[PDB]
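In structure tokens, the next block holds one chain alone, the form deposited in one PDB entry.
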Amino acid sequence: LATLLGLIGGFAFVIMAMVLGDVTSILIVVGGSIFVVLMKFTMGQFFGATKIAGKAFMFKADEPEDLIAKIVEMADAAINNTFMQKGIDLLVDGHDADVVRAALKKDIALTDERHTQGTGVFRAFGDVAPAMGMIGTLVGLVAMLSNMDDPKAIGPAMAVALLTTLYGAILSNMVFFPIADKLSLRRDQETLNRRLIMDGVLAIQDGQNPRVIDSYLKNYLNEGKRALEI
């Protein structure tokens, strides 16, 4: 049944896209949204949020299962991941446990703040888009009423102006709000993964028994939105 739901979602997005695809109407909405948003976020912060959304959309996060396998193998012994590699190098170079904890928690908080800022930017875009669509529709109504020439043209011309509103709605519930939700999901996934890395690195440096750390990390795995999967 998974294929059916995936295909129906893809078809809904495709039909909404061809409804979107028509050029100046979306331009008004996006220009107004960008102008309103830039009063709260700089250009650099907006571009950072766009990079965040990209990295979250085209780069799948690391599964906790393979992370668990890697920490287990390296704890019994004594890589593609970047946080894991940096923590590994940090303890190998020789450092106290407390400074390693501070560095790992600082990186965790930095990533969480970055993802929260991206979520805020995209949520602000979501709240702003329908209002600018409405404004564009009202301006189009003003223009059509001022250029009232042909009665048979009353229908289609109005349909153009209202089009702007539609675009806002389509951009509000299916582009920006979904991106913010995906950003929150990716932030939760990264927080869980980085907490697993922190616990595993601390256990390895302290030299705890692998069985108890595996039990604790499975307990970590069995919470959150993943609780439905079991």
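All residue numbers are counted from 1 along the displayed sequence. Basically, rigid core = biggest C-alpha set you can superpose within 1.5 Å across the two forms.
FYI, the form deposited in another entry isn't displayed, but the following is about it.
Large C-alpha shift between the shown form and the other one, rigid core held fixed: of 90, 103, 72, 160, this applies to 160 alone, with a displacement of 2 Å or more. The Cα shift for residue 127 between the shown form and the other one, taken after rigid core superposition, is smaller than 2 angstroms. With a cut-off of 2 Å and the rigid core superposed, residue 150 has a Cα displacement that reaches or exceeds the cut-off between the shown form and the other one.
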